[PDB]
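Below you'll find the structure, written out as structure tokens, and then a few comments.
Derivation of every value follows stated rules applied to the coordinates shown; laboratory data play no part. Counting neighbours? That spans all protein chains shown, and the Cβs are built from the backbone with ideal geometry, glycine included.
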Amino acid sequence: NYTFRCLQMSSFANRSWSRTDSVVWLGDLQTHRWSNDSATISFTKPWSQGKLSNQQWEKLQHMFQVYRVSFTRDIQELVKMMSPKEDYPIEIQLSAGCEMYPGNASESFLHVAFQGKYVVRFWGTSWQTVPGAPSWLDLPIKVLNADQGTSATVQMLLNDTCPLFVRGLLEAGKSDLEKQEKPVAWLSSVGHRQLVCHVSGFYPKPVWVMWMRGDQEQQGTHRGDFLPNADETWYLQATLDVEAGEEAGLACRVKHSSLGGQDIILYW
Amino acid sequence: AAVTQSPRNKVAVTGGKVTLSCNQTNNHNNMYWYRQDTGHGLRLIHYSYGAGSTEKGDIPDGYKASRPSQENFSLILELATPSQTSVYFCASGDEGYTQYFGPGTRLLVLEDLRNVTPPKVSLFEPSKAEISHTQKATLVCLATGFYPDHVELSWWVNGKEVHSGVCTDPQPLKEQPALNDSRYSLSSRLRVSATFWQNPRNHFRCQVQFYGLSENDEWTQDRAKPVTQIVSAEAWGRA
Amino acid sequence: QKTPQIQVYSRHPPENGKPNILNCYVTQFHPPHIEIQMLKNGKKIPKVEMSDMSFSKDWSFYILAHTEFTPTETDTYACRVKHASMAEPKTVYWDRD
Amino acid sequence: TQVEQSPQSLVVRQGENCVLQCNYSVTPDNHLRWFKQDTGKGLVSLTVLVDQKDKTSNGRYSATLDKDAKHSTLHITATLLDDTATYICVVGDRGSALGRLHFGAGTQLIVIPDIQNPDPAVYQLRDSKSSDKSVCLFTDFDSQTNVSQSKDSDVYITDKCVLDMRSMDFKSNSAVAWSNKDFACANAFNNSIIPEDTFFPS
Ligand SMILES: CCCCCCCCCCCCCC[C@@H](O)[C@@H](O)[C@H](CO[C@H]1O[C@H](CO)[C@H](O)[C@H](O)[C@H]1O)NC(=O)CCCCCCC
Ligand SMILES: *[C@@H]1O[C@H](CO[C@@H]2O[C@@H](C)[C@@H](O)[C@@H](O)[C@@H]2O)[C@@H](O[C@@H]2O[C@H](CO)[C@@H](O)[C@H](O)[C@H]2NC(C)=O)[C@H](O)[C@H]1NC(C)=O
Ligand SMILES: CCCCCCCCCCCCCCCC(=O)O
Ligand SMILES: *[C@@H]1O[C@H](CO)[C@@H](O)[C@H](O)[C@H]1NC(C)=O
Ligand SMILES: *[C@@H]1O[C@H](CO)[C@@H](O)[C@H](O)[C@H]1NC(C)=O
């Protein structure tokens, strides 16, 4: 049950300087990137083209190439239309794609953020502001919705191209997507004292980490955030707060799908 | 969706302040100023997204813009130059792509106004032989002795402008093709039916709208100040 | 403008003498213009690899710096972060654990 | 110059068709518009093409647009005299007010009128306010006659000019000649190759 995401981030420093950079995710694996520096969209996987032919991908990339230049001018021109209401620096962010469900089902989304706040989306056959959005965006919205050609393209991108493409990706990237890498663990410590069970190298994201005395799961164990490694595996740590000289017979048990029922138990 | 431009035609001196204005009652947020020079397309000078906004176009140098209100977008040439001789077009629009254009403003920027001079207009009455040979009568109007070439010749019958049966020289000819600042002449014809000319109640008139100096242009010479003005010539029909 | 959270951690379990990779995860900041250095004993480590910048559901940015390192008894490692939100640069040290 | 037109100029006889190219490199290309501009007047819209492959019509004007080739044509069927004008190609790069319009330099059309029944003559017309000055009007000659400017520079001869008496469906060429400096209408157009059947009255 996977979500495809096209994260775009655009900084407009002043009247004449901007950059637009994109990264693309399928679940928690990167499939593409597009640096401002580059004329073309980069694959970060062997299967990033999906099941699209070369001719289909070139036409798709060319649409984006025209979009990026066109997007840059439009923002610049929308700032002029609104000024002095809003001025630079400005940060535009888009989050777009589709979440895939079993059978043939999917929802597509295209959400826009202005200075870090979600304000606009494409919905149905038009742009609209979401709740909380400042009412001055109604002029930008009226202007964007005048562009009939863009509406029809975006509707085709959201309704048809996204789900079709992502069906292709999941077929093409099944083995990378369904990969199983094993966690490795280690222990450590730092008037109280805090024990730390480190777990690292595991894929996919789901994992269980408890501190234990025998069978007694120490309901007290604080779970950290999922931090990434550079090789598309995950890192997590669980801390437990204890009295000094009370570390005897404490263990860290971790369960994970790659271990095949054979849990890692480390004893202090 | 109508757009108006004033003035329609201006003769100005280097160093002068010229102000081309454009009024628009459509409540369009957006307005645009272009200039058209032979061998180019229209090129964008300045534009506006609303009262208070002015934006630089592709060729803004030489021009200031001014949007005092939703109705008026004014183009200001602070220190005029001969290079700004052009035909200037204004346009307006709402959020859509259509730009609704104005009728155009012709500007000529001279080095000096010393030779500026209005036309003498003469109306010439149809030949008695033409009437009998063709059953048609051709009046001829003749604007002469004028400079520069910014004239508009129009024909009027009983106080109403006529275009049917007219044609005016595509450009005026030079009276002294040697001399650098030669005065011009311009001819025009109005051909009508012999019985129309023979009706003594039809009043014919050739009018030349000459464009020259303003009230505010300084005049150093003895002769009459060659102001923007109308000269006409006039005749009635006869059996 | 929000203050960036920095977290330094090793890929593999840290054994002295053994080659390893040191990660620095910088998160929850905006705007995205940021300067990230990985330090060894205060000196700037050369050829630090950087991930592409990205963001979370709350639109806050994040990025992963990493570099090869072999930990030792004596050597200190850090991640140094300059960003408009902070008056001074912020250094967080590797916990060795 | 992102918008180029061909031909730069062309001359056709009344009733003939003609075709006008416009090629462009503007990106993107939302829509293409064709303007008609009369000498002196301003911009009259003829048609606007919007689709990837599009076709439009407007009476005797028809037009195509192919956005892959980035190319458009304007067909005029059965030219009339009023078509004498500059024709201007314009590409808008957005489907909204955020667009810039990129203008072609024009194609100059001239339509030569079909003079049905020539009756070439040279008449003398007198001034209403002062009947000792006059002009000489060479008129009613077909479009295959050329009118040359004079030998003496004190004599003035304007170039030919067609007028259209609309209620009668009647066109006629004309040229005017005059001089203060022993000037007569029989001698006025000596320097032009005029027909032998030209009528010199009285
Ligand atoms: C301070 C103001 C805040 C602004 C907030 C607005 C947020 C909306 C941002 C996204 C808008 C899309 C930008 C480009 C668009 O305006 C238009 O200029 C171009 C170019 O449009 C022009 O050319 C095309 C031909 O390619 C059409 O002819 C169109 O009619 C024309 O306008 N459209 C396309 O390329 C389709 C791109 C769809 C991108 C979806 C993003 C994942
Ligand atoms: C494309 O689909 C929309 C409706 O789908 C929603 O919006 C998409 C962009 C995407 O986010 C989906 O996941 C959403 O479920 C169609 O919009 C409807 O259009 C009809 C008539 O055209 C109109 O009466 C309805 O109001 C629209 N529905 C909604 C919910 O707004 C749209 O027509 C589709 N377009 C194409 C070209 O396929
Ligand atoms: C954006 C929704 C449509 C999804 C279909 C596009 C599939 C191609 C994925 C690679 C495109 C990368 C371009 C990102 C463009 C951007 O957001 O700036
Ligand atoms: C725009 O901002 C950049 C830095 O973000 C700076 O280098 C440049 O001076 C600015 N440009 C202008 C025209 O002021
Ligand atoms: C981003 O790309 C555009 C077009 O390739 C370029 O004009 C611009 O200068 C680039 N900006 C930066 C900051 O690199």
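Numbers below:
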{"item": "Radius 14 Å from Cβ of D:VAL50, net charge of other residues (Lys, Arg +1; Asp, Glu -1)", "result": "-1"}
{"item": "FRET efficiency, C:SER60 to B:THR38 (Cβ-Cβ, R0 51 Å, nearest 0.05)", "result": "0.35"}
{"item": "Using a Förster distance of 35 Å, the FRET efficiency for D:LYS53-A:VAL69 (Cβ separation, nearest 0.05)", "result": "0.90"}
{"item": "Dipole in debye (nearest 20) - chain C, about Cα centre, beta carbon charges: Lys, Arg +1; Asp, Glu -1", "result": "200 debye"}
{"item": "Convex hull per residue volume in Å³, alpha carbons only, for chain D", "result": "176 Å³"}
{"item": "The stretch B:16-79: trypsin sites (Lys or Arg not before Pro) falling in loop per DSSP and having at most 13 other Cβ within 10 Å", "result": "B:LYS17"}
{"item": "Extreme residue, positive dipole direction of the protein assembly as shown, given options A:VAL190, A:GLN218, B:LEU20 (C-beta unit charges)", "result": "B:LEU20"}
{"item": "Pairs of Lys in chain D closer than 16 Å at Cα, counting only those 8 or more apart or on different chains", "result": "7"}
{"item": "Hull volume in cubic angstrom per residue (convex hull over the Cα atoms of the protein assembly as shown)", "result": "228 Å³"}
{"item": "Hits among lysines - C-alpha to C-alpha of A:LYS205 under 18 Å, sequence gap 8 or more where chains match", "result": "A:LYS174, A:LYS179, A:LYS182, A:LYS255, C:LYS57"}
{"item": "Highest to lowest packing among C:87-96, B:122-131, scored as the average C-beta count within 10 Å", "result": "B:122-131, C:87-96"}
{"item": "Average beta-carbon neighbours from other chains, 10 Å sphere, peptide D:117-127", "result": "5"}
{"item": "The stretch A:116-244 pair-distance distribution - Cα-Cα, 5 Å bins, rounded %", "result": "2, 8, 12, 11, 9, 8, 9, 10, 10, 8, 6, 4, 2, 0"}
{"item": "Only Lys, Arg (+1) and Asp, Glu (-1) charged, at Cβ; chain A dipole about Cα centre in debye", "result": "600 debye"}
{"item": "Under Karplus coefficients 6.51, -1.76 and 1.60, residue-wise ³J(HN,Hα) of the stretch C:42-51 in Hz, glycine/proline x", "result": "x, 7, 5, 7, x, 6, 7, 7, 10, 7"}
{"item": "About the Cα centre, charge dipole magnitude for chain D (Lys/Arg +1, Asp/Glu -1 at Cβ), debye", "result": "720 debye"}
{"item": "Partner chain coverage, peptide B:32-39 - average Cβ within 10 angstrom", "result": "3"}
{"item": "Sum of side-chain charges, C:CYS79 neighbourhood, beta-carbon under 13 Å (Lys, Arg +1; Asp, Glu -1)", "result": "+3"}
{"item": "Translational D in µm²/s for the stretch B:1-111 (Stokes-Einstein at 25 °C, 0.890 mPa s, Kirkwood Rh from C-alpha pairs)", "result": "178 µm²/s"}
{"item": "Sorted peptide list for D:42-51, C:60-69, D:2-11, criterion being average Cβ within 10 angstrom, highest first", "result": "C:60-69, D:42-51, D:2-11"}
{"item": "Directionally averaged projected area (convex hull, Cα atoms, the stretch A:179-268), nm²", "result": "6.0 nm²"}
{"item": "Taking the C-alpha atoms of the stretch B:174-221, convex hull volume expressed per residue in Å³", "result": "153 Å³"}
{"item": "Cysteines, the protein assembly as shown, no other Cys beta-carbon under 4.7 Å", "result": "A:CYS6, D:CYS18"}
{"item": "Nearby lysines by direct alpha-carbon distance to C:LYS40 (threshold 20 angstrom, same-chain neighbours under 8 apart not counted)", "result": "C:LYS18, C:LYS82, C:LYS90"}
{"item": "Label zone at D:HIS71, where the point sits 7 Å out along the Cα-to-Cβ direction: the stretch D:1-39 residues whose backbone N lies under 14 Å", "result": "D:4-7, D:20-25"}
{"item": "Chain lengthening between B:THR19 and B:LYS56 when straightened (0.36 nm per residue, less Cα-Cα)", "result": "11.6 nm"}
{"item": "Environment charge of D:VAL162, counting only residues whose C-beta is closer than 15 Å and scoring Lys/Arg +1, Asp/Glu -1", "result": "-4"}
{"item": "Against the rule of thumb 2.2 N^0.38 Å, how large the Cα Rg of chain A comes out", "result": "1.30"}
{"item": "Other protein chain Cβ atoms within 10 Å, averaged over every residue that makes up B:61-68", "result": "0"}
{"item": "Base-10 log of normalised Debye intensity for the stretch D:1-113 (one unit scatterer per alpha-carbon) at q = 0.12, 0.23 Å⁻¹", "result": "-0.38, -1.32"}
{"item": "Rounded if a/c under 1.5, otherwise prolate or oblate - the stretch B:125-180, Cα gyration tensor axes", "result": "oblate"}
{"item": "Farthest toward positive dipole pole in the stretch A:1-178 [+1 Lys/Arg, -1 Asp/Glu at C-beta], among A:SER10, A:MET82, A:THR153", "result": "A:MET82"}
{"item": "Per-peptide average of other Cβ atoms within 10 Å, ordering A:84-91, B:44-51, D:28-35 highest first", "result": "D:28-35, B:44-51, A:84-91"}
{"item": "Calculated FRET efficiency for the pair A:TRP268/A:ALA13, C-beta based, R₀ 60 Å, to 0.05", "result": "0.70"}
